[PDB]
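Engineer: Take a look and give me a structure for this.
(6 chains, ligands or ions: 2)
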Amino acid sequence: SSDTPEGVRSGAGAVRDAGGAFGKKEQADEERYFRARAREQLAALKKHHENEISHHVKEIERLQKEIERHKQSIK
Amino acid sequence: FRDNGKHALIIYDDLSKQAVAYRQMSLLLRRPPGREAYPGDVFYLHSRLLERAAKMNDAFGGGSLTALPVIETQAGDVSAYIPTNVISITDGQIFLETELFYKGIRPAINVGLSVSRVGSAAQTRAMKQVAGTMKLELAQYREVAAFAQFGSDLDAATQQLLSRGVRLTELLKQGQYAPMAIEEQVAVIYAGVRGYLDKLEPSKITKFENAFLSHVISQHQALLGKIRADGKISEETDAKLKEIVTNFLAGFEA
Amino acid sequence: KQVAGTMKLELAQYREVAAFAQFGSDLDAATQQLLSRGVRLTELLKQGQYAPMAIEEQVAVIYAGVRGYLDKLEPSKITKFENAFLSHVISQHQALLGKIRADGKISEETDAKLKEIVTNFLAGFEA
Amino acid sequence: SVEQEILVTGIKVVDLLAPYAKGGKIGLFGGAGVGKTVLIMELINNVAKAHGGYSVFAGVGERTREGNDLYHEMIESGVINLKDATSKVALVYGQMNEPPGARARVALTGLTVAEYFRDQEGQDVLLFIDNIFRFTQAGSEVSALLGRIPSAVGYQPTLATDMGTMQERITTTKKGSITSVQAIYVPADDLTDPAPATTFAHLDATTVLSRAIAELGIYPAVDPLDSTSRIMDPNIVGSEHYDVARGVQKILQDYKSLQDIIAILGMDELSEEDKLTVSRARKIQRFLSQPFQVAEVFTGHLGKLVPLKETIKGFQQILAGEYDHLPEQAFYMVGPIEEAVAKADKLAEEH
Amino acid sequence: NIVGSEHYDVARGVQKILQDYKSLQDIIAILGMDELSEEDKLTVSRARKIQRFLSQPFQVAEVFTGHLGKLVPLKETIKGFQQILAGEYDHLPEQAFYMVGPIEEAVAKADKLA
Amino acid sequence: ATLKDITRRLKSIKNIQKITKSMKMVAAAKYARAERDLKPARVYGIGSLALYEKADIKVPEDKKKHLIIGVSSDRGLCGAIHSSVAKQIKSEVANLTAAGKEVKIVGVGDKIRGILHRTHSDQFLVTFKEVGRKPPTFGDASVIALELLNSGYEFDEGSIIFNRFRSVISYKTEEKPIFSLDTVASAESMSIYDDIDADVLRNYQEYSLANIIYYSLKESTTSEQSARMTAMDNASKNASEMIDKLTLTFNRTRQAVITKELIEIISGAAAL
Ligand SMILES: Nc1ncnc2c1ncn2[C@@H]1O[C@H](COP(=O)(O)OP(=O)(O)O)[C@@H](O)[C@H]1O
Ligand SMILES: [Mg+2]
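Structural biologist: Numbers count the residues shown, from 1 in each chain, chains lettered A, B, ... in the order given. Ligands and ions are numbered 1, 2, ... in the order given. The coordinates are given below.
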């Protein structure tokens, strides 16, 4: 009874709207993934938080070389 | 009591039978029916009752009057006419279910849905320490512990947390007509959240509890009297309990 | 009537294969076509509030999508291309948006002239 | 008066997705226990202290307990002064221990004090009413005793007439203005009930609180795909505010089509583009939550008040990809986006 | 304290295994039996031996089906369910626990089919 | 029970009916390619079997060490593919470890290691991952056979267990033996066999290890796809029978609330 506007139809994202045993098979499945990516990315925050100083560091060295050029021009 | 100083408590068992005595009594007086032949003012029937449950100020006497209305519902449906009219008069609820009762959680309280406007959070000072962390460790459990079909293995990642729940779920079960005290509650809850039970088996924690509880009332009576008197679990009181659970765990099963 | 008889049919074939689009790359090249053409025609029909259009201008825009002059583009570049195709044809081709508003029917002498507008605009657009 | 404005309250769901208006009409929907006495007592803190004009709170049939907090929550906060004449609020209280003929006329004692401040004095007023469903519902308690045949589901046959007699006196004329905030109880979470569904036309702005969201800990509970304002318009709020809030709502409706796939295929079957959607959408969903100042007795956190220029900038970057390298627990219950990287460093130090 | 603490634990322990068969009927009907774990293919096969071991032939129903009405005593049901909960009969099929009296007829009906 | 609860449950299974009927059309194409690729590699495993017909070699009496290899995918929802291999594996290590030989298993793919990590958690040399998401190849069999040598474990007898694809409905789990020490590989049938040395038989048997894993990467991938088609048809037939029984309950429950609210009005007028 779906090929008619009078016959009722369903929405998008209604499986988790019921609250059955597929809505809790999916609410828990998402926590068993996005809890273990939360410590792949909590461990690599030691490195890249030092790398953003290393990039800044890189820039600093570059700018000091330019200064050096100007200082030699003056000389 | 309440208008003279003291503190009262009142249970209505139940309030779905004070409504069908109003539907019948006021149909034979020729009053026109509303929904489900209930009268117009069934909301006014329950509301003028449940607002006397006050808490007076201290320049009147300071007395209180709690109320615990019971409501029976049909087929566990909470969206009926007389349920929803009395959900929205009370500060908080305790949702008792059937699949909790039969799986084994007895008292069958849905601790997920049993919301409560906490009442200015007058839990008590020591229970705030151990059940503050318990509330979050159980909430962490319920998001992640509903598969019943496993394919992958993450014992360092997930299986440590869900082992803290079943030790705290099977701790929460109780008997009947034997209610505990609050410092006998702080002791048994201390041993669950502080990791001192993850080397048991969950089919032995209900056996672990009564052997623990009989040991502390008998041999450690001056310990529990410093939790009830001082209110809090102090840092030196944290020290003394650290041995007692481990001394008993050294010789529990032998 | 001339352009919507090819359009109402082809936006109806997209509705039957509209479930496959979520997780699909291992399908047939015909089914991967209906997911392509049907999502360009959906992007044409978007329209901002309080902007009614003249009739023969809509026969310009819909002639671009249903004939094949939008398949080689990106779907967030469809709702930009339509606005740039209209402002070029209002100003520099106003004499041909009154030859449909008078005659009514697209003759072949106009069906061969809009082929030399859309393809000679689809070159100098992507910049 | 025909003019529209904007109004900034400080909340990242109100100010981003359903913005208010100076003089508009604002209704707070949602069931029982979802957060309507908190969201209406937080806006009393935010707006009704930094305001030059006056305010009126009319209590139409609610708990007499909750009518003792707001009398004492605003004596210590300076809005009521019990010795001098510099108070800035007026209270009208007829509660749910009252016969149902007197719970139909405190809705009208409210907007008679809140009209002398608009018409007679040329001032600006704010109108706070909680709860306005008890005006309708206390008219169904004396319908058949008056002598009428009852209509559909049990309401009186004069529903949309006694309501619209009242909800047209709350307007902004050319002598003053009124900014009205009304809490609207939805009975049994049923929005298609005739008492709420005839109130969706007397209002400029709707903030609909759901319950399936506040069960996930997200607070304020406000539904992103069901709130709506009139001034969400690329000619009043600007064409940068508009492009953001029509991409937050577009990525949250993209989430629900994936949640039906996850329930069968599982999370580690999806492609690498659709995994990027769920991670940002869960980052956006957690970032819409914000610790209010009145949750300093419930949660123990500290309160935020985010300006509008930071709200647009923070959400613009999560959609771009400039925080794809963080855990989701940083974003839960922060203010600005610069506090959501000061948490991802403390989580990595205490690891 | 009334029905005896040994009986009370076979009572509440056989409702626990019966509820857990009901709480998976959404997934078994759609997906299949074959997408379950190994612990929850052992509250399914043990709670189908328990449902069948609650059907008894009555005395008044001999004239309908031609099967002898059986009366069991109390102490031979508690003893006969602890040997399905502990897991002693996990090799016998489920057609043997059906329409029998005391538990020794279940192993006898299992002895017949071979 | 009420009208809301019947609707939200019926709306859910109308979603699950679409998803599993699309998911059958996805896996009908994957099987249709994985039927094509297997018949080229059918003649590749013709050659290594033809070695053992003309020279009949067996495992003679006893070994000091052993291997067990079991292939699978990482993906679920295939019915009885993974438990038709793990339960075969536990049917042999019980049969072994009584003749005294030491056994150590390796499971390529995640789903074998998931089943056998609670009882057989100790006999694991290495584990693999990421099998069968992309189509399996021959360079994939040269990573299994190369890391199997960077292990130190001298192995003198082993076997591999895979599902031999029979038809669209039927698969058969079979076993095939592996002769890996040069002692058993140089026996009485190898007396006629010429110029290969002990150092050349070191070379030849090692290419057979990459070979015989490749023959079992082409069998267990077709059977894992064609049981992902048949078990999705039966989740789609079992959803059509659940909504047609829930439309009828919805229709009676719709009609019985029109009548219920109408008698509340008829009796509300006539009581005046
Ligand atoms: N910041 C918060 N956000 C969401 N809910 C909260 C917050 N702080 C407390 N709560 C809880 O949510 C409940 C909401 O109830 P309340 O808003 O007071 O009444 P109503 O039933 O009218 O919504 C309160 O009981 C409170 O315990
Ligand atoms: Mg409230």
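Engineer: Need phi/psi at residue D:90.
Structural biologist: Per-residue torsions, residue D:90: phi -130, psi 140 (degrees, to the nearest 10).
Engineer: what number of residues lie near it?
Structural biologist: 15 (other C-beta atoms under 10 Å in any protein chain shown). From N, CA and C alone the C-beta is placed, and that goes for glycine too.
Engineer: Can you tell me, leaving aside adjacent residues, what's nearest to it?
Structural biologist: residue D:56 (4.8 Å; C-beta to C-beta, 6 or more residues apart in numbering or on different chains).
Engineer: So the one you found lies in a strand, does it not?
Structural biologist: Yes: inclusion of residue D:56 in a strand is indicated when DSSP: H, G, I helix; E, B strand; the rest coil is applied.
Engineer: In this structure it contacts residue D:114, no?
Structural biologist: Yes: counting by C-beta atoms under 8 Å, residue D:56 touches residue D:114, with 4.4 Å between them.
Engineer: and for these two, which residues touch both?
Structural biologist: D:125, D:127 (C-beta atoms under 8 Å, 6 or more residues apart in numbering or on different chains).
Engineer: quick one: which helix or strand includes the residue of chain F found nearest chain C?
Structural biologist: Across chain F, the shortest distance to chain C (C-beta to the nearest C-beta) belongs to residue F:22, at 4.6 Å. Assigning secondary structure by DSSP states H and E places residue F:22 in helix F:3-34.
Engineer: hmm, that helix touching chain A?
Structural biologist: Yes: against chain A, helix F:3-34 shows contacts by C-beta under 8 Å from any C-beta of the partner chain at F:7-9, F:11-12, F:14-16.
Engineer: Just the buried ones from these, in PyMOL syntax?
Structural biologist: Those of the residues of helix F:3-34 next to chain A that count as buried under 16 or more other C-beta atoms under 10 Å in any protein chain shown are selected in PyMOL with:
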select buried, chain F and resi 7+8+9+11+12+14+15+16
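Engineer: how about the residues of helix F:3-34 next to chain A in TSV, adding distance to residue F:153?
Structural biologist: Output for the residues of helix F:3-34 next to chain A, formatted as TSV (distance: C-beta to C-beta, whole Å):
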residue	distance to residue F:153
F:7	61
F:8	56
F:9	55
F:11	56
F:12	51
F:14	54
F:15	50
F:16	47
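Engineer: Which one of the residues of helix F:3-34 next to chain A is nearest to ligand 1?
Structural biologist: Ligand 1 lies nearest to residue F:8 out of the residues of helix F:3-34 next to chain A, by C-beta to the nearest ligand atom, at 22.9 Å.
Engineer: give the contact list for that closest one.
Structural biologist: Residues in contact with residue F:8 (C-beta under 8 Å, 6+ apart) are A:14, A:17-19.
Engineer: That one and residue D:29: what is the separation?
Structural biologist: According to C-beta to C-beta, to the nearest Å, residue F:8 stands 20 Å off from residue D:29.
Engineer: Where does residue B:106 fall, secondary structure wise?
Structural biologist: With DSSP H and E as criterion, residue B:106 is part of no helix or strand.
Engineer: neighbours around it, how many?
Structural biologist: Using other C-beta under 10 Å, residue B:106 is surrounded by 15 other residues.
Engineer: dump the residue contacts of the nearest residue to it once chain neighbours are set aside.
Structural biologist: Of all residues not flanking residue B:106 in the chain, residue B:173 sits nearest, at 6.2 Å (C-beta to C-beta, 6+ apart). Contacts for residue B:173 were tallied using C-beta under 8 Å, 6+ apart; they are B:104-106, B:206.
Engineer: Buried ones among those?
Structural biologist: Listed as buried from the contacts of residue B:173 are B:104-105; burial here means 16+ other C-beta under 10 Å.
Engineer: from the contacts of residue B:173, which is closest to residue D:129?
Structural biologist: residue B:105 (42.3 Å; C-beta to C-beta).
Engineer: ok, the closest one to residue B:173 distance?
Structural biologist: Applying C-beta to C-beta to residue B:105 and residue B:173 gives a distance of 7 Å.
Engineer: cool, residue F:232 as well?
Structural biologist: Using C-beta to C-beta, we find residue F:232 at a distance of 41 Å from residue B:173.
Engineer: Quick check: residue F:163 touching residue F:217?
Structural biologist: No: judged on C-beta under 8 Å, residue F:163 makes no contact with residue F:217 at a distance of 11.6 Å.
Engineer: Looking at these two, which one has more neighbours?
Structural biologist: When residue F:163 and residue F:217 are compared for neighbours, residue F:163 comes out ahead with 25 against 21, by other C-beta under 10 Å.
Engineer: so that one sits in a strand?
Structural biologist: Yes: counting by three-state DSSP, residue F:163 is part of a strand.
Engineer: That one pairs with what?
Structural biologist: residue F:173 (DSSP bridges).
Engineer: what residues are up against the nearest residue to residue F:56 once chain neighbours are set aside?
Structural biologist: Computed as C-beta to C-beta, 6+ apart, the closest residue to residue F:56 that is not its neighbour in sequence is residue F:189, at 6.0 Å. Counting by C-beta under 8 Å, 6+ apart, residue F:189 touches F:54-57.
Engineer: and the residue lying closest to residue B:61 once chain neighbours are set aside, which of the three is it?
Structural biologist: Take residue B:61 and drop its neighbours on the chain: the residue closest to it by C-beta to C-beta, 6+ apart is residue B:5, 4.2 Å away. Recorded secondary structure, residue B:5: coil (three-state DSSP).
Engineer: right, and residue B:5 touches residue B:58 too?
Structural biologist: No: judged on C-beta under 8 Å, residue B:5 makes no contact with residue B:58 at a distance of 10.3 Å.
Engineer: which residues touch residue D:283?
Structural biologist: Counting by C-beta under 8 Å, 6+ apart, residue D:283 has contacts D:318, D:323, D:326, D:328, D:331.
Engineer: 10 Å instead?
Structural biologist: Each residue near residue D:283 by C-beta atoms under 10 Å, 6 or more residues apart in numbering or on different chains is listed here: D:318-319, D:323-324, D:326-328, D:330-332, D:340.
Engineer: If any of these are buried, put those into a ChimeraX selection.
Structural biologist: Here is the ChimeraX command that selects only those of those that count as buried (16+ other C-beta under 10 Å):
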select /D:318,319,323,326,327,328,330,331,332,340
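Engineer: End to end on stretch B:67-85, go ahead and measure it.
Structural biologist: With C-alpha to C-alpha, to the nearest Å as the measure, stretch B:67-85 spans 16 Å from end to end.
Engineer: Okay, buried residues for it please.
Structural biologist: Those would be B:67, B:69, B:71, B:80-85, for stretch B:67-85 by 16+ other C-beta under 10 Å.
Engineer: ok, that stretch near chain A or not?
Structural biologist: No: using C-beta under 10 Å from any C-beta of the partner chain, stretch B:67-85 never reaches chain A; the gap is at least 12.6 Å.
Engineer: Centre of the chain to that stretch, how far?
Structural biologist: Distance, stretch centre to chain centre, for stretch B:67-85: 19 Å (C-alpha atoms, centre = their mean, to the nearest Å).
Engineer: sec struct for the residue in chain F positioned nearest to chain B, please.
Structural biologist: Closest residue of chain F to chain B, C-beta to the nearest C-beta: residue F:271 (4.2 Å). Assigned by three-state DSSP, the conformation of residue F:271 is coil.
Engineer: quick check: angle from the lengthiest helix in chain D to helix F:3-34?
Structural biologist: In chain D, taking DSSP state H as the definition, the longest helix is helix D:241-265. Helix D:241-265 and helix F:3-34 are oriented at 70 degrees to each other (axes from the mean of the first three to the mean of the last three C-alpha atoms, to 10 degrees).
Engineer: Any idea how far whichever helix or strand comes after helix D:241-265 is from the middle of the chain?
Structural biologist: Following helix D:241-265 in sequence order, the next helix or strand is helix D:274-287 (DSSP H and E). Relative to its parent chain, helix D:274-287 has a centroid offset of 24 Å by C-alpha atoms, centre = their mean.
Engineer: Tell me the residues of the stretch 151-272 of chain F that contact chain B?
Structural biologist: Close to chain B, as judged by C-beta under 10 Å from any C-beta, the stretch 151-272 of chain F has residues F:260-261, F:263-264, F:267-272.
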